[PDB]
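**Q** fold the following and give me the result.
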Amino acid sequence: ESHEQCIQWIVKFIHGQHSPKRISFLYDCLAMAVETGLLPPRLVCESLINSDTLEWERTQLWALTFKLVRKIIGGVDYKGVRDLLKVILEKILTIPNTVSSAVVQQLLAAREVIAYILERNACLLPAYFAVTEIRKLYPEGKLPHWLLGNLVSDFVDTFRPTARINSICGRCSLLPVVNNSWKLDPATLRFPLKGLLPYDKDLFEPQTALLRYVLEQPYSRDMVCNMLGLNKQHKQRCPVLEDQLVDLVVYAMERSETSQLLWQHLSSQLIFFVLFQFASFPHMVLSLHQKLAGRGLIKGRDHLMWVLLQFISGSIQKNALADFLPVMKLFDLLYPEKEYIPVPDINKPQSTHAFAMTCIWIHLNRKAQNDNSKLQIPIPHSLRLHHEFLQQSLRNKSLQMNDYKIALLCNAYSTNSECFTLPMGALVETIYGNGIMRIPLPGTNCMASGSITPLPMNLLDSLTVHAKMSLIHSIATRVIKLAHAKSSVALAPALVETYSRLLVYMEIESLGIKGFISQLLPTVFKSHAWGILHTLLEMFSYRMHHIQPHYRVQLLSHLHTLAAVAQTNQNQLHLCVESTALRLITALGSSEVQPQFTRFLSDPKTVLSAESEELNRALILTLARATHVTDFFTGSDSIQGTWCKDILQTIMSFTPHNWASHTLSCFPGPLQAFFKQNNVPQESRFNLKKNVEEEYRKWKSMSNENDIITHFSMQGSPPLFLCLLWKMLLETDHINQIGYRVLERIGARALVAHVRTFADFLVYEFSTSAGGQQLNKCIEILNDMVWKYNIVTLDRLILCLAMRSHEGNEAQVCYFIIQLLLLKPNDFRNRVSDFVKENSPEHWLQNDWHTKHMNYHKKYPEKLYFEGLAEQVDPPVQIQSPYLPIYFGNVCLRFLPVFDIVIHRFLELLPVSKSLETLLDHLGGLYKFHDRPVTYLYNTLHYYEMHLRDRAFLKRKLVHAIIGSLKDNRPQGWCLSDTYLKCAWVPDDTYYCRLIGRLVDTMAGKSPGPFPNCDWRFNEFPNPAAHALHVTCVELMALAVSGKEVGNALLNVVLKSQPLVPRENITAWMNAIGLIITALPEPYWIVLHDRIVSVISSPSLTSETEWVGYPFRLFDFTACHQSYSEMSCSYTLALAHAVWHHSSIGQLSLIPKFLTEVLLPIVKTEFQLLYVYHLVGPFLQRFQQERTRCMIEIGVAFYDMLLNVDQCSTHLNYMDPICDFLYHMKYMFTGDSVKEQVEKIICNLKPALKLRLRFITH
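**A** Numbers count the residues shown, from 1 in each chain. Please find the structure below.
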């Protein structure tokens, strides 16, 4: 209380005293009082500086006050000195630029006190606090105050080495592959930097190149939203995003001047941002008009008008007319001259593009007619032909489908109701088949509409977004009406194909794919149709390419509840649900399992199944593969604490099972530990044999009609009726009518358990049976039971065989059964040979698919209701169950996921490697119809690198069989390089240079292109970059060269003086190398540690040289003419930063162990210590967000290294940068966590270092 008042009174009396001598005397008395301890120095300093009467005008009074504070400022804690520095700088800032020359000499007192505070020898406060306040109150780009002078600039200049330590080399030139490192500030397009340090000038500018690259790539909508922080909560109205899209449009027109895919991508992309209120259409148009004005070069005018028409047609009703007026100004600038524009040729798709402006005028005029008067939009004088041609075409009653006139009418008259029913009717009646006769469908007693010709893809691309929404709404309404009507007539194949082709457009996501799962499927489910549901599920399985993971998981849950309830005890529906679920589980990505399963820990049973053990095992296999590829468990040896525990426990509580040793040995460690416990006892082979024999004897002794049916179909009895069947066919080779009746009453959902037990019974019987004639007889019986009698399907039988838990010889005979069943009979081989010969996988370019489908099904009919057994029973029984519509699938397409699983099991078991070669040779052509062959090859080689390490012939055979089976359907050079086709041998440096260069040119973007262009809407990869990365990885994996050699060669591409890799572009090569080596398995990217150790032991860092200044040249690769040693030292650091930038958190978890056990015992000099700080510095932020524990190890390792270097070295020349880095780390990342172990290390340091870091403990 009275301390502040008394000091203020004394100082104010001093202010009012006109005697400077008395002023000095009273200051001296106050100084003596502070010296003797009468008053707290912090309170005295605060009161003196915060005194209001103290003004710059009284120059002698100001100087004496600042002299007093300078004398007595040294007795304050560091936090106080920081606060007094804050208030002093605030007070100094009030000084104007120009002052009198007679008071300058007396105003230096502020400079004297600020210099004393900033002095490092005094160590009053940590220098990080001082630079933080200076940087906070002086932002980047502000000149220092003239009174302060160059002292502040030099002090800030002291911290650049720390800024370079905490910076990633070549960050602005690193680009990702679109599928927290790439986050940007929404307001300024700037990287989020930690702390207030003088970073490089390149980090203070927007990342326009990065944002443009992400925007240009297809399917980058979600990534852009994540990068810019758009939460989809309200109208963000992001100005930088709007400007980038406008510049992208300008650049597209620039390319158009002296491109169709880019224009389609723009029209497809910038619709979403405008529709979600992220950008404004009128503001976009005005900005585009202003930018394009005065430049000319007008050749992409038709494409730009096509882009604008999408909004003009799709949002005219829900927006005011005032927002679309500037389009007229855009026309005035973009279309010169007054001559009548000629009518283009209507036979080309570009005719729709050339009529875009006319359609815009029609929409605008119609919107003007609504709410008439006020304003009227007249016709331009140069659109008379375009208007008359449209009206004359409208007046025509008959319209043909050989031209694009109907597309022109739909695009122009999509708003007026009266002039739109006729073109819509003419467009939908060609696929609805309302008047034509009826066609047969595969199966028995199934008919559909006569339409077989769907709408062509190029015609669909010629329509507009609004027309496509109207078409898809009409199709959906007709489907719902048919579902409610309960009619036995199936939908037209043309309607189904057109719907599937329309569901690949992302602009209709509001009701295209969202309404397909949210509304249409539940409506058909409640309507109890079972015919449309089968059609939609088959459409999902065989005609869908790109679907978001959450939609896929949602349909997985819908499939599981559909199979669980609603009494879906039909063979066709049950098989369709099982096949769709198996494909959906298998096709899951590696980086999508955790984010899509983390939201279902509330009710895991929604996604997990209740009775399908095969589906549960498939989910477990996918989970193990994803966790292995993503390196999730690297660092943690316990499964508890992760999301997998709840899912695995729920699986074990639903379908308990065991795992084979060879299959379990490839699982990650936590999964192996989980399955070591939770082991379920299994049935004995003697017990199973005795039970089957006793039941079979009971079957002989029983003669009553009802007793057999009521006994062998009981629920809860052991599922061993298939074993009864098998035993009757090897004892008597005939089945009675009672057996057919039992099979009919068991049910599809109950026969699965019988198949499961039959597989184990089947394996045990071959194992204990004489080979030769008995083996040939017993495989002939199985062939008859599969094809001749139609008891079980081949795909389900092989899947159940491959999902068993046998060991050793039992596993060998189990896989030998699959071998014999697949190859020894001629049935499957003939079916696959025919299908591959006369079919093609490109379904989006075909028009006779139904005819080819009918031809195959007529040649090879499919039975799903025990038709063969029904006919072969001695009294011929007749079955008249209607067949659900079948449009796309067959046995060959259904077997594909089972064949992938079979390959994996054959790879797991060692003594059966020769069988896989024979399997691939005979049935390798079936991969022509695979959906993700390259991704499957990448996953298979990545997962089984250890097992395929010593077997290169099998690896090459697998790669060639999968890849070369599609060589007649894609352009040359799509996957493998020319050198590989001529050599496959030790690859040389040129091979790796060209391999990396292919990805570099693909990412850069070139007109010829290393890889051929493809329609990514119907491809497994969204962008060329992902395709290039995966094919490069697959080729490198298939190389018969050790992983260490491959990694060394890839590093040597940059780190050795080599042609074909020019300077001024080395960062792009480093980025490509980092991406490739990160995607490669562990033995490939482990050579980085060895290379770092080699540079650490280099004489460049080991030498006790007398360099003046900070050694900047060793850590920056963009330097002047460099010697070999310095060039290698800087290039290794840059390459390490590039690799670690693209690495996952599991891959980064090995750095603390590497520092602790490798670098620590060999770091003994200041240069090695600085090199380690440069290497591991910039990546502490990543550990802060995911793995907190690794921070503690890194911090103690750094202090241990500092202790070792201090003890070994006589003196240190760069104490200040080390001090600043440790202070920065403590105040930003680690904090107070490390205290006890820090004190022990600090106490043993030299007195100079102890004085420098006396504030770490506090």
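
**Q** which stretches in the stretch 1001-1150 of the chain count as helices?
**A** Using DSSP state H, counting those that start in this stretch, the helices found in the stretch 1001-1150 of the chain span residues 1024-1038, 1043-1055, 1066-1079, 1082-1085, 1087-1096, 1099-1102, 1124-1142, 1145-1148, 1150-1154.

**Q** wait, I meant the stretch 251-400 of the chain
**A** Shown for the stretch 251-400 of the chain, the helices assigned by DSSP H, counting those that start in this stretch span residues 260-275, 281-292, 301-314, 326-334, 350-354, 356-369, 384-395.

**Q** let me know which of the ones you listed is tucked in deepest.
**A** Each of those was assessed for mean neighbour count using mean count of other C-beta atoms under 10 Å. The highest is helix 301-314, with a mean of 23. Yep, even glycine has a C-beta here, placed from its N, CA and C like the rest.

**Q** would you list the helices of the stretch 251-400 of the chain in TSV and tack on distance to residue 891?
**A** Formatted as TSV, the entries for these read as follows, by distance: least, C-beta to C-beta, whole Å:
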stretch	distance to residue 891
helix 260-275	37
helix 281-292	52
helix 301-314	43
helix 326-334	56
helix 350-354	42
helix 356-369	48
helix 384-395	48
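
**Q** closest one to residue 167 among these?
**A** Evaluated with C-beta to C-beta, the helices of the stretch 251-400 of the chain place helix 260-275 nearest to residue 167, the distance being 32.4 Å.

**Q** report the central residue of this structure.
**A** With the centre of the chain defined as its mean C-alpha position, the nearest residue by C-alpha atoms, centre = their mean is residue 179, 3.7 Å away.

**Q** just the CA atoms of stretch 682-697, as CSV, please.
**A** Coordinates of the C-alpha atoms in stretch 682-697 are reproduced here as CSV (Å, rounded to 0.1, in the frame of the first residue of the first chain):
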residue,chain,number,x,y,z
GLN,A,682,-10.8,-77.3,-30.1
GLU,A,683,-12.7,-80.6,-30.9
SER,A,684,-10.7,-83.8,-31.1
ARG,A,685,-10.3,-85.7,-34.4
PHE,A,686,-11.3,-89.0,-32.7
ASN,A,687,-14.4,-87.4,-31.3
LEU,A,688,-15.4,-86.0,-34.7
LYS,A,689,-14.9,-89.4,-36.4
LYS,A,690,-16.9,-91.2,-33.7
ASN,A,691,-19.7,-88.7,-33.9
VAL,A,692,-19.9,-88.9,-37.7
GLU,A,693,-19.9,-92.7,-37.6
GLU,A,694,-22.6,-92.9,-34.9
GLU,A,695,-24.8,-90.4,-36.7
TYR,A,696,-24.4,-92.3,-40.0
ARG,A,697,-25.3,-95.6,-38.3
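
**Q** run through who's touching it.
**A** Counting by C-beta atoms under 8 Å, 6 or more residues apart in numbering, stretch 682-697 makes contact with 658, 718, 720, 723, 724, 727, 757, 760, 761, 764, 805, all of which sit outside it.

**Q** possible to save the residues you listed as CSV with neighbour count and distance to residue 28?
**A** Output for the contacts of stretch 682-697, formatted as CSV (neighbours: other C-beta atoms under 10 Å; distance: C-beta to C-beta, whole Å):
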residue, neighbour count, distance to residue 28
658, 13, 91
718, 16, 106
720, 21, 109
723, 24, 111
724, 20, 115
727, 18, 117
757, 20, 104
760, 21, 103
761, 19, 108
764, 18, 107
805, 18, 94
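
**Q** now, the residues you listed that are in helices?
**A** In helices, defined here by DSSP state H, the members of the contacts of stretch 682-697 are 723, 724, 727, 757, 760, 761, 764.

**Q** related to what we said a few turns ago, among the helices of the stretch 251-400 of the chain, which is nearest residue 510?
**A** The closest of the helices of the stretch 251-400 of the chain to residue 510 is helix 260-275. By C-beta to C-beta, the value is 8.4 Å.

**Q** what helices or strands is that closest one leaning on?
**A** Other helices and strands packing on helix 260-275, by 3 or more C-beta pairs under 8 Å, 6 or more residues apart in numbering; DSSP states H and E, are helix 208-216, helix 239-256, helix 301-314.

**Q** for the first one, name the packing helices and strands.
**A** The criterion is 3+ C-beta pairs under 8 Å, 6+ apart, and the helices and strands that helix 208-216 contacts are helix 221-228, helix 239-256, helix 260-275.

**Q** now it: buried residues?
**A** Of the residues in helix 208-216, those buried by neighbour count under the rule 16 or more other C-beta atoms under 10 Å are 210, 211, 213, 214, 215, 216.

**Q** so it versus helix 239-256, what angle?
**A** Orientation check (axes from the mean of the first three to the mean of the last three C-alpha atoms, to 10 degrees): helix 208-216 against helix 239-256 gives 80 degrees.

**Q** now the angle from helix 208-216 to helix 221-228?
**A** Using the same axes, to 10 degrees, the inter-axis angle of helix 208-216 relative to helix 221-228 is 150 degrees.

**Q** what distance separates helix 208-216 from the centre of its chain?
**A** Taking the mean of its C-alpha atoms, helix 208-216 sits 17 Å from the chain's own mean (C-alpha atoms, centre = their mean, to the nearest Å).

**Q** out of the buried residues of helix 208-216, what pair is the most spread apart?
**A** Looking at those by C-beta to C-beta, the two members farthest from one another are 210 and 216, with 11.1 Å of separation.

**Q** tell me the domain boundaries of the protein?
**A** Following the assignment in automatic domain parsing, the chain carries domains at 2-158, 170-229, 239-419, 684-825, 970-1085, 1087-1258.

**Q** residue 913: which of these is closest?
**A** Each of the domains of the chain was checked against residue 913 via C-beta to C-beta, and the shortest separation belongs to domain 684-825, namely 10.9 Å.

**Q** then stretch 593-600 to CSV, C-alphas only?
**A** Backbone C-alpha positions of stretch 593-600 (Å, rounded to 0.1, in the frame of the first residue of the first chain) are rendered in CSV as follows:
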residue,chain,number,x,y,z
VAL,A,593,-9.3,-48.7,-40.6
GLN,A,594,-8.4,-46.7,-37.4
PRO,A,595,-10.3,-43.5,-38.2
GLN,A,596,-13.4,-45.3,-39.4
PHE,A,597,-13.4,-47.8,-36.5
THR,A,598,-12.5,-45.2,-33.7
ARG,A,599,-16.1,-43.8,-33.9
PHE,A,600,-17.7,-47.2,-33.3
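
**Q** any buried residues in that stretch, and which?
**A** Within stretch 593-600, the residues that qualify as buried by neighbour count (16+ other C-beta under 10 Å) are 593, 594, 596, 597, 600.

**Q** before we move on, what about stretch 767-782?
**A** In terms of neighbour count (16+ other C-beta under 10 Å), stretch 767-782 has its buried residues at 778, 779, 781, 782.

**Q** from these, which ones fall inside helices?
**A** Of the positions in the buried residues of stretch 767-782, 778, 779, 781, 782 sit in helices, assigned by DSSP H.

**Q** may I see the residues you listed arranged in a markdown table, with distance to residue 66 as well?
**A** As requested, these are arranged in a markdown table below (distance: C-beta to C-beta, whole Å):
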| residue | distance to residue 66 |
| --- | --- |
| 778 | 105 |
| 779 | 103 |
| 781 | 106 |
| 782 | 101 |
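
**Q** looking at the residues you listed, which is nearest residue 492?
**A** Here the nearest of those to residue 492, counting by C-beta to C-beta, is residue 782; it sits at 40.1 Å.

**Q** measure stretch 145-156 end to end?
**A** With C-alpha to C-alpha, to the nearest Å as the measure, the ends of stretch 145-156 fall 14 Å from one another.
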